[PDB]
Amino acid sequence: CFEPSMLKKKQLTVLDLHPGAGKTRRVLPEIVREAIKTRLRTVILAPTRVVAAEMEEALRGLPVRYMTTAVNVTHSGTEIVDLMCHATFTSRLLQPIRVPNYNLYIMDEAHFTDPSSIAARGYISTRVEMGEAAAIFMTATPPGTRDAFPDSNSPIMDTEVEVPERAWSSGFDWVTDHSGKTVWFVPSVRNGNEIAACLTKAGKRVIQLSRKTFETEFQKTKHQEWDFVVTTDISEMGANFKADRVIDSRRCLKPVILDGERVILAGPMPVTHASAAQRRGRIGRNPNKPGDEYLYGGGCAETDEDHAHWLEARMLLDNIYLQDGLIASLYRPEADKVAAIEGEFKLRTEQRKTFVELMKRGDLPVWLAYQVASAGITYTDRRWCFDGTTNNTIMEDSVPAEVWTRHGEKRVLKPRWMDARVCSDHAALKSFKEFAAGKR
């Protein structure tokens, strides 16, 4: 557990705190109050807007500069503590700007494998190792450890069973015979839609959660009755339910780079241990309501090296300026997930600004932005969106999607580099069509 000793330079502390143990509502305030007392320049790193909003609740009234729109408080101007999301921190490290020389970095959910979180751990741990700063990483599953069954406030009954992943008409009576409340993690929105329809058909009350619907739908879990929450991994962090069962497919979709050539949303494939621990961690939280059960349908992923986020983290970190041209390393327990030589992705000055602008203003995925920038293409030149090979054609409703270009021509979306994330769902395609049209 935490002690003020850990606030000295050259100390990186990983607080292994199991789900429900108090990372956000107990330990984080404790750390922040001591940093405020001792006037340490501190940044708090939340993985998501949601967790940031949860953080402000727990830090209510303390002098914290919230560098996120997810929170709106009056700032005194004397605030020495900043709060932002992992991706915001990493993006700002990429700008030609003045990053404060924070003495203390506090990262909550330090297992997050978003490429910007991985890159932030690399930068932060390198700065600690150089003697410049102190850092505290909090998670239930410290990087480098593979325990899918961490401790809990109340004992959890874990049972491996065949978990249905499609609509069913028989053979799974235990799903619907249950009279409690179930949180069911599914690999995708479309997959949860089919299961939710099947459960609704059988007379259950279902709330569905995803990135696209979380805002409006999650509050319903607080105020309406419900039998099932069917959720994507949106609910792995910063989401809590009054449930007594989790059903876990133990699968996910994850971006994968095929042959160095393109990015697909591979799967469904096994989740990591960290993600299984988070999913299981939705229950077993209430010592007054024992009896919770975790029903899971397969193993966890033994190697995450196929995940594109590892290489994308190195693309960010190779281009984050440290000191007179040094390059930060990935956080050591995770450094073996990428086999690329040191500095392989460092871009020269001009191509680097393009990569940065492609990601921030352009909102392209890291891997894609890097392909464009490293080809010498300028930010506003969108011709590559239309001149790929035929197998790069983006479909809409099984018909080649089309775009009115800045030159008043209707062209089929066929990007020179295919990254499935630009058209994996409706909002993504819409954002990329605007990009291909020259609108941002």
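Residue numbers run from 1 along the displayed sequence.
Look at the C-alpha B-factors of 8-16 and of 412-420. On average they run higher in 8-16. Looking at 215-223 and 136-144 together, the entry lists the larger mean B-factor for 215-223, computed on C-alpha atoms. Within the selection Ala373, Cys385, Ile44, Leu62, the deposited Cα B-factor values reach their highest point at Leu62. Taking the PDB entry at face value, the top CA B factor among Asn101, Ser117, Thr159, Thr349 belongs to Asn101. Among the modelled residues of its chain, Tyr321 has a C-alpha B-factor that falls in the highest third according to the deposited record. In the deposited entry, the Cα temperature factor of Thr38 sits in the top third of values across the chain's modelled residues. Per-chain ranking of the deposited C-alpha B factor places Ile31 in the middle third.
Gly131 sits in the highest third of its chain by CA B factor, as recorded in the PDB entry. Sort the chain's modelled residues by C-alpha temperature factor and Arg282 lands in the lowest third, per the entry.
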